[PDB]
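Visitor: Input upload_36.txt, format and content: compact mmCIF, C-alpha atoms.
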# COMPACT_ATOMS: atom_id res chain seq x y z
CA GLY A 1 0.00 0.00 0.00
CA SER A 2 1.08 3.54 -0.77
CA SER A 3 -0.09 6.97 -1.88
CA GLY A 4 -3.05 8.77 -0.37
CA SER A 5 -5.30 11.79 -0.75
CA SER A 6 -7.10 14.56 1.09
CA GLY A 7 -9.07 17.78 0.72
CA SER A 8 -10.78 20.63 2.52
CA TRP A 9 -13.40 22.39 0.44
CA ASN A 10 -15.26 25.44 1.70
CA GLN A 11 -18.58 23.90 2.63
CA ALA A 12 -18.97 20.66 4.55
CA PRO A 13 -21.54 17.85 4.68
CA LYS A 14 -23.89 18.16 7.63
CA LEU A 15 -26.09 15.43 9.06
CA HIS A 16 -28.83 15.91 11.62
CA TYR A 17 -29.66 13.17 14.10
CA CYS A 18 -31.52 12.83 17.37
CA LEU A 19 -30.14 10.26 19.79
CA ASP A 20 -32.55 8.72 22.26
CA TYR A 21 -32.12 5.42 24.07
CA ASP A 22 -35.38 3.98 25.35
CA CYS A 23 -34.10 1.78 28.15
CA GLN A 24 -37.66 0.48 28.03
CA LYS A 25 -37.22 -0.73 24.47
CA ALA A 26 -33.49 -1.06 25.07
CA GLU A 27 -33.13 0.25 21.54
CA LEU A 28 -31.12 3.22 20.34
CA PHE A 29 -32.86 5.77 18.14
CA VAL A 30 -31.46 8.24 15.63
CA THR A 31 -34.36 10.38 14.46
CA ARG A 32 -34.34 13.96 13.22
CA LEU A 33 -32.56 13.16 9.97
CA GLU A 34 -31.53 16.27 8.07
CA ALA A 35 -28.57 16.05 5.73
CA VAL A 36 -27.04 19.35 4.71
CA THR A 37 -24.99 18.84 1.56
CA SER A 38 -24.75 21.60 -1.02
CA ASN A 39 -23.63 20.11 -4.31
CA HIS A 40 -24.87 19.06 -7.73
CA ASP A 41 -23.74 16.35 -10.12
CA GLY A 42 -26.19 13.80 -11.49
CA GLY A 43 -28.72 12.14 -9.23
CA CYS A 44 -28.89 9.42 -6.60
CA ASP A 45 -31.07 8.31 -3.71
CA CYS A 46 -29.14 9.35 -0.63
CA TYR A 47 -30.10 7.94 2.74
CA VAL A 48 -29.01 7.89 6.37
CA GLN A 49 -27.49 4.82 7.97
CA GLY A 50 -26.85 4.26 11.66
CA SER A 51 -24.43 1.56 12.76
CA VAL A 52 -24.14 0.37 16.34
CA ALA A 53 -21.56 -1.93 17.87
CA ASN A 54 -22.42 -3.82 21.03
CA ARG A 55 -20.37 -6.31 23.01
CA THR A 56 -22.79 -8.79 21.49
CA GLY A 57 -22.04 -7.65 17.96
CA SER A 58 -23.30 -4.78 15.85
CA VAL A 59 -26.38 -3.45 14.10
CA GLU A 60 -27.35 -1.16 11.24
CA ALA A 61 -30.39 0.94 10.42
CA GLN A 62 -31.44 3.43 7.77
CA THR A 63 -34.32 5.49 6.44
CA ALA A 64 -36.33 5.52 3.23
CA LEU A 65 -34.41 6.73 0.21
CA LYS A 66 -34.92 10.37 -0.69
CA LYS A 67 -34.10 12.87 -3.41
CA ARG A 68 -30.67 14.39 -2.92
CA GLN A 69 -31.32 18.05 -2.20
CA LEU A 70 -29.70 21.08 -0.61
CA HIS A 71 -31.44 19.95 2.56
CA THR A 72 -33.11 16.56 2.77
CA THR A 73 -35.33 15.64 5.70
CA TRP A 74 -36.89 12.38 6.80
CA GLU A 75 -39.92 11.65 8.96
CA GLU A 76 -38.80 8.52 10.76
CA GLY A 77 -35.58 7.61 12.53
CA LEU A 78 -33.19 4.70 12.91
CA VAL A 79 -33.43 2.01 15.57
CA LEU A 80 -30.32 0.18 16.72
CA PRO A 81 -30.69 -2.57 19.33
CA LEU A 82 -28.45 -2.18 22.36
CA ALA A 83 -28.36 -2.99 26.05
CA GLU A 84 -28.13 -0.35 28.75
CA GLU A 85 -25.24 -2.48 29.97
CA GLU A 86 -23.51 -1.96 26.65
CA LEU A 87 -24.27 1.74 26.41
CA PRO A 88 -20.79 2.65 27.68
CA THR A 89 -19.46 -0.18 25.54
CA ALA A 90 -21.32 0.74 22.38
CA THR A 91 -21.06 3.46 19.76
CA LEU A 92 -23.28 4.82 17.00
CA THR A 93 -21.63 5.62 13.69
CA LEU A 94 -23.71 7.49 11.14
CA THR A 95 -23.07 7.02 7.44
CA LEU A 96 -24.46 8.51 4.25
CA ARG A 97 -24.41 6.06 1.37
CA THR A 98 -25.59 6.85 -2.14
CA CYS A 99 -27.91 4.39 -3.85
CA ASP A 100 -25.61 3.08 -6.55
CA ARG A 101 -24.89 -0.14 -8.42
CA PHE A 102 -22.53 -1.40 -5.74
CA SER A 103 -22.10 1.80 -3.76
CA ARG A 104 -18.99 2.89 -5.62
CA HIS A 105 -17.52 4.98 -2.82
CA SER A 106 -18.26 2.95 0.29
CA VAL A 107 -19.53 5.94 2.24
CA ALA A 108 -20.42 9.49 1.27
CA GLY A 109 -20.04 10.75 4.82
CA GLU A 110 -19.54 9.01 8.14
CA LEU A 111 -20.24 10.49 11.56
CA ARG A 112 -19.14 9.35 15.00
CA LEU A 113 -21.32 9.50 18.09
CA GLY A 114 -21.50 8.10 21.60
CA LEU A 115 -24.21 6.27 23.52
CA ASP A 116 -22.55 6.31 26.92
CA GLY A 117 -23.81 9.88 27.02
CA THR A 118 -20.65 11.88 26.42
CA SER A 119 -20.04 13.11 22.89
CA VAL A 120 -23.73 13.62 22.20
CA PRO A 121 -26.44 13.63 24.88
CA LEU A 122 -29.71 11.74 24.68
CA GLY A 123 -33.05 13.28 23.80
CA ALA A 124 -30.96 16.16 22.51
CA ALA A 125 -31.04 16.54 18.74
CA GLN A 126 -27.84 18.13 17.49
CA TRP A 127 -26.31 18.69 14.08
CA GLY A 128 -22.98 17.20 13.07
CA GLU A 129 -20.58 17.37 10.15
CA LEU A 130 -19.90 14.20 8.20
CA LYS A 131 -16.35 12.94 8.51
CA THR A 132 -16.15 12.02 4.84
CA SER A 133 -12.45 11.60 5.53
CA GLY A 134 -10.87 12.16 2.13
CA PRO A 135 -11.86 13.70 -1.21
CA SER A 136 -14.06 10.87 -2.43
CA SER A 137 -15.11 12.97 -5.39
CA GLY A 138 -13.06 12.99 -8.57
Could you show the structure in this file as structure tokens?
Guide:
Amino acid sequence: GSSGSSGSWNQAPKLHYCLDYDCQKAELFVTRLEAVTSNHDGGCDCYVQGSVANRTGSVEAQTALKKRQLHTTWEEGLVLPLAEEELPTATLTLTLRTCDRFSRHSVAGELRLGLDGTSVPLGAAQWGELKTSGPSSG
């Protein structure tokens, strides 16, 4: 392996998400989906994807495809299964994949969050920039 890449760009991809763990349902939730990506180039059905990793394993959720816009919004939220005993030992990683043949890109924008209740609090919807990590485009 060798060679790499990187970028900066003026604007940045934003992704809205509301974390809420219903100990009752012992299931993590990531509602309030609002991607903020200003760009144009073709068309694709972008969607949100929440991945959780528990001592037991991992999970993955997503919403209904939408029409890539300057500000897409969903109505429902994700639902990742987790145990309150794995809250401090579990994390929620958001990802924005573009509906493509085989998802030529892997991820459009990944976001990191916490369930323990540190990084991002519960029942507190907050915005967050996608850690695309790299150029991706071009």
Visitor: Residues near residue A:54, anyone? I mean within 10 Å using all atoms listed in the file, not counting same-chain ones fewer than 4 positions away, as a PyMOL selection string.
Guide: chain A and resi 58-59+80-83+85-92
Visitor: Write out as JSON an axis-aligned box for stretch 94-100 of chain A: all of its atoms listed in the file, 4 Å added on each side, centre and edge lengths in Å with one decimal.
Guide:
{"center_x": -25.5, "center_y": 5.8, "center_z": 2.3, "size_x": 12.8, "size_y": 13.4, "size_z": 25.7}
Visitor: Can you list, as a ChimeraX atom specification, every protein, DNA or RNA residue that comes within 8 Å of residue A:131 when you count only C-alpha atoms, leaving out same-chain residues fewer than 4 positions away?
Guide: /A:109-112
Visitor: Print the selection's residues with C-alpha atoms to a file, as a JSON list (two decimals), in the frame of the given file.
Guide:
[["chain", "number", "residue", "atom", "x", "y", "z"],
["A", 109, "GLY", "CA", -20.04, 10.75, 4.82],
["A", 110, "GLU", "CA", -19.54, 9.01, 8.14],
["A", 111, "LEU", "CA", -20.24, 10.49, 11.56],
["A", 112, "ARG", "CA", -19.14, 9.35, 15.00]]
Visitor: So what do you get for atom CA of residue A:130 versus atom CA of residue A:48, distance-wise?
Guide: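 If I compute the distance from atom CA of residue A:130 to atom CA of residue A:48, I get 11.2 Å.
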Visitor: Quick one: residues within 12 Å of residue A:107, all atoms listed in the file, excluding same-chain residues fewer than 3 positions away - as a PDB file with C-alpha atoms, in the frame of the given file?
Guide:
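Output saved as around_14.pdb:
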ATOM      1  CA  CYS A  46     -29.140   9.350  -0.630  1.00  0.00           C
ATOM      2  CA  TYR A  47     -30.100   7.940   2.740  1.00  0.00           C
ATOM      3  CA  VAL A  48     -29.010   7.890   6.370  1.00  0.00           C
ATOM      4  CA  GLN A  49     -27.490   4.820   7.970  1.00  0.00           C
ATOM      5  CA  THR A  93     -21.630   5.620  13.690  1.00  0.00           C
ATOM      6  CA  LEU A  94     -23.710   7.490  11.140  1.00  0.00           C
ATOM      7  CA  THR A  95     -23.070   7.020   7.440  1.00  0.00           C
ATOM      8  CA  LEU A  96     -24.460   8.510   4.250  1.00  0.00           C
ATOM      9  CA  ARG A  97     -24.410   6.060   1.370  1.00  0.00           C
ATOM     10  CA  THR A  98     -25.590   6.850  -2.140  1.00  0.00           C
ATOM     11  CA  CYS A  99     -27.910   4.390  -3.850  1.00  0.00           C
ATOM     12  CA  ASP A 100     -25.610   3.080  -6.550  1.00  0.00           C
ATOM     13  CA  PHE A 102     -22.530  -1.400  -5.740  1.00  0.00           C
ATOM     14  CA  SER A 103     -22.100   1.800  -3.760  1.00  0.00           C
ATOM     15  CA  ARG A 104     -18.990   2.890  -5.620  1.00  0.00           C
ATOM     16  CA  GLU A 110     -19.540   9.010   8.140  1.00  0.00           C
ATOM     17  CA  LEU A 111     -20.240  10.490  11.560  1.00  0.00           C
ATOM     18  CA  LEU A 130     -19.900  14.200   8.200  1.00  0.00           C
ATOM     19  CA  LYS A 131     -16.350  12.940   8.510  1.00  0.00           C
ATOM     20  CA  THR A 132     -16.150  12.020   4.840  1.00  0.00           C
ATOM     21  CA  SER A 133     -12.450  11.600   5.530  1.00  0.00           C
ATOM     22  CA  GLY A 134     -10.870  12.160   2.130  1.00  0.00           C
ATOM     23  CA  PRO A 135     -11.860  13.700  -1.210  1.00  0.00           C
ATOM     24  CA  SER A 136     -14.060  10.870  -2.430  1.00  0.00           C
ATOM     25  CA  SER A 137     -15.110  12.970  -5.390  1.00  0.00           C
TER      26      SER A 137
END
Visitor: Which value, in Å to one decimal, gives the distance between atom CA of residue A:65 and atom CA of residue A:6?
Guide: 28.4 Å
Visitor: Any chance you could turn stretch 10-71 of chain A into a file with C-alpha atoms, as a compact mmCIF listing (two decimals), in the first residue's frame?
Guide:
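The result, written out as result.txt:
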# COMPACT_ATOMS: atom_id res chain seq x y z
CA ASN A 10 -15.26 25.44 1.70
CA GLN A 11 -18.58 23.90 2.63
CA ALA A 12 -18.97 20.66 4.55
CA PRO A 13 -21.54 17.85 4.68
CA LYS A 14 -23.89 18.16 7.63
CA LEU A 15 -26.09 15.43 9.06
CA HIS A 16 -28.83 15.91 11.62
CA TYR A 17 -29.66 13.17 14.10
CA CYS A 18 -31.52 12.83 17.37
CA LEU A 19 -30.14 10.26 19.79
CA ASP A 20 -32.55 8.72 22.26
CA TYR A 21 -32.12 5.42 24.07
CA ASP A 22 -35.38 3.98 25.35
CA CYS A 23 -34.10 1.78 28.15
CA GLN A 24 -37.66 0.48 28.03
CA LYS A 25 -37.22 -0.73 24.47
CA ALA A 26 -33.49 -1.06 25.07
CA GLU A 27 -33.13 0.25 21.54
CA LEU A 28 -31.12 3.22 20.34
CA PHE A 29 -32.86 5.77 18.14
CA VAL A 30 -31.46 8.24 15.63
CA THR A 31 -34.36 10.38 14.46
CA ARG A 32 -34.34 13.96 13.22
CA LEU A 33 -32.56 13.16 9.97
CA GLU A 34 -31.53 16.27 8.07
CA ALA A 35 -28.57 16.05 5.73
CA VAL A 36 -27.04 19.35 4.71
CA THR A 37 -24.99 18.84 1.56
CA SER A 38 -24.75 21.60 -1.02
CA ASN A 39 -23.63 20.11 -4.31
CA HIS A 40 -24.87 19.06 -7.73
CA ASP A 41 -23.74 16.35 -10.12
CA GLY A 42 -26.19 13.80 -11.49
CA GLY A 43 -28.72 12.14 -9.23
CA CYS A 44 -28.89 9.42 -6.60
CA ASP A 45 -31.07 8.31 -3.71
CA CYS A 46 -29.14 9.35 -0.63
CA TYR A 47 -30.10 7.94 2.74
CA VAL A 48 -29.01 7.89 6.37
CA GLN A 49 -27.49 4.82 7.97
CA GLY A 50 -26.85 4.26 11.66
CA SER A 51 -24.43 1.56 12.76
CA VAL A 52 -24.14 0.37 16.34
CA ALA A 53 -21.56 -1.93 17.87
CA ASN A 54 -22.42 -3.82 21.03
CA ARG A 55 -20.37 -6.31 23.01
CA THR A 56 -22.79 -8.79 21.49
CA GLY A 57 -22.04 -7.65 17.96
CA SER A 58 -23.30 -4.78 15.85
CA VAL A 59 -26.38 -3.45 14.10
CA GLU A 60 -27.35 -1.16 11.24
CA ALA A 61 -30.39 0.94 10.42
CA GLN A 62 -31.44 3.43 7.77
CA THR A 63 -34.32 5.49 6.44
CA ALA A 64 -36.33 5.52 3.23
CA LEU A 65 -34.41 6.73 0.21
CA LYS A 66 -34.92 10.37 -0.69
CA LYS A 67 -34.10 12.87 -3.41
CA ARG A 68 -30.67 14.39 -2.92
CA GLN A 69 -31.32 18.05 -2.20
CA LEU A 70 -29.70 21.08 -0.61
CA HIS A 71 -31.44 19.95 2.56
